[PDB]
Amino acid sequence: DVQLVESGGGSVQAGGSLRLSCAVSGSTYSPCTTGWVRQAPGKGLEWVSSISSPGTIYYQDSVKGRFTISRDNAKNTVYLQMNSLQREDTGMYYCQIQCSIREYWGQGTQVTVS
Amino acid sequence: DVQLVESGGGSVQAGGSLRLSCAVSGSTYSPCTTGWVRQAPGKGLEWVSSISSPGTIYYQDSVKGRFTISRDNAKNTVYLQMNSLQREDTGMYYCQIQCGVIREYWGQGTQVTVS
């Protein structure tokens, strides 16, 4: 039932801006934690930022002050504002929701920083 | 530091079986949820199974019956038994841990090629 659609990704001049969105459709039967994981070329997965059900934000020390995460509950959509894009920020970005520990993933969106 | 060292990967023949191990090291926080996510061509990233600490065990519908996740709190190790490995089960498997009330970590990954 649950489905997470992502968008907003693309190529950027190193230092530019981007905003990714994670649309959520289906029955979650409860508010969830929504996080963002990214995977650099030929590398593992890494926790970027998260916003708990209650509304508590968290950021990978690495991206503080550059990445901003917001959630519009009405639209059931999570956003990730990416500014000050560095090359190290190149990779595939995935949103993941944790709502019984049921977990879901998006199909990723690509982000390459010149 | 929290080091998740996973292993048991490899190449199998369809119908075969394989067991994976996710070693948890440096976990100062209470019981966390430990599970596995696989990255497979034709399907992208997907959650396979998780064990939440209280003992609750969850499974991805597509692997219920074929997969079994277990834990040894002694060795601080989590196992995933994979039976009837179908070709569609091919991919990179990573275990992750989530300690919080959320911070999650991932291992390097282990390749599983179902011929």
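Below or above, wherever it landed, is the structure these notes cover. (Residues numbered from 1 in each chain as written, not as in the entry; some residues may be left out. Chains lettered and ligands numbered in written order. Heavy atoms only, no water. Residues with missing side-chain atoms left out of burial classes, pairs and counts.)

### Some details on the overall build of chain A
Tallying secondary structure elements over chain A gives zero helices and 11 strands in all. The N-to-C order of helical and strand elements in chain A reads β-β-β-β-β-β-β-β-β-β-β. Relative to the 2.2 N^0.38 estimate, which gives 13 Å for 114 residues, the radius of gyration of chain A is 13 Å and therefore close to what a compact globule would have. Principal-axis analysis of the C-alpha atoms gives chain A an extent of 40 × 25 × 25 Å. (Helix = DSSP H or I, 4+ residues; strand = E, 2+ residues; numbered from the N terminus. Rg over C-alpha atoms; globule rule 2.2 N^0.38 Å.)

### Description of the packing of aromatic side chains
Ring centres of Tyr94 of chain A and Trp105 of chain A lie 6.5 Å apart, and the angle between their planes is 75 degrees; on these two criteria the pair is classed as edge-to-face. Taken together, the ring pairs connect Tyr94 and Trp105 of chain A together with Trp106 of chain B into an aromatic cluster. Directly above the aromatic system of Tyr79 of chain B lies the positively charged group of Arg19 of chain B, at a separation of 5.1 Å from the ring centroid. (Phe/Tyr/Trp six-rings, centres within 6.5 Å; stacked < 30°, edge-to-face > 60°. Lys NZ or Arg CZ within 6 Å of the ring centre and 35° of its normal.)

### Overview of the environment of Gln98 of chain A
Among the secondary structure elements, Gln98 of chain A is positioned in strand β9 (residues 91–98). Setting aside its immediate chain neighbours within four residues, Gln98 of chain A contacts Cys32, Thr33 and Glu103 of chain A together with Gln98 of chain B. A distance of 3.3 Å separates a polar atom in the side chain of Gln98 of chain A from a polar atom in the side chain of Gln98 of chain B. (Contact = heavy atoms within 4.5 Å. Polar contact = N/O pair within 3.5 Å; in protein donor to acceptor, adjacent residues only side chain to side chain.)

### Let's talk about the state of the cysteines
Sulfur-sulfur distance for the disulfide between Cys22 of chain A and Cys95 of chain A comes to 2.0 Å. Since a negative S-S torsion denotes a left-handed disulfide, the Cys22 of chain A-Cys95 of chain A link at about 70 degrees is right-handed. On the criterion of sequence distance, the pair formed by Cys22 of chain A in strand β3 (residues 18–25) and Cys95 of chain A in strand β9 is long-range, its members being 73 residues apart. Here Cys32 of chain B engages in a disulfide with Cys99 of chain B; their sulfurs sit 2.0 Å apart. Note on the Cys32 of chain B and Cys99 of chain B pair: the S-S dihedral is about 90 degrees, so by sign convention the disulfide is right-handed. Of this pair, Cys32 of chain B sits in the loop between β3 (18–25) and β4 (33–40) while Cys99 of chain B is found in strand β9 (residues 91–99), placing the two residues 67 residues apart along the sequence. Bonded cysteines in chain B are paired 1-3, 2-4 when counted in the order they occur along the chain. In chain A, the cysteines engaged in disulfides, taken in order along the sequence, are linked 1-3, 2-4. (Disulfide = S-S within 2.5 Å.)

### A word on the interface of chain B and chain A
At the interface, 13 residues of chain B touch 14 residues of chain A. Of all the secondary structure elements, the ones that give two or more residues to the side of chain B that touches chain A are β4, β5 (44–51), β9 and β10 (103–106) of chain B. Grouping the constituent residues of the side of chain B that touches chain A by class yields seven nonpolar, four polar and two charged. (Nonpolar A, V, L, I, M, F, W, Y, C, P; charged D, E, K, R; others polar.)

### Structural notes on the environment of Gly9 of chain A
Residue and element names in this part refer to chain A. You can see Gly9 is positioned in the loop between β1 (3–7) and β2 (10–12). On a C-alpha basis, the gap between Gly9 and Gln60 in space is 20 Å, while along the polypeptide they are 51 residues apart. Contacts of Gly9, omitting those with residues within four sequence positions, involve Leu20, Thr109, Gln110 and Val111.

### Concerning the pairing of strand β8 (residues 77–82) of chain A
Residues and elements named next belong to chain A. Bridging between β3 and β8 involves six bridges; their strand directions are antiparallel. Across the sheet, the residue bridging to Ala23 is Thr77, located in β8. With six bridges connecting them, strand β7 (residues 67–72) and β8 associate as antiparallel partners. In the sheet register, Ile69 faces β8, and the bridge partner there is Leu80. Joining the antiparallel neighbours β7 and β8 is a turn of four residues, in which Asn76 adopts a positive phi near 50 degrees. (Pairing = 2+ DSSP bridges.)

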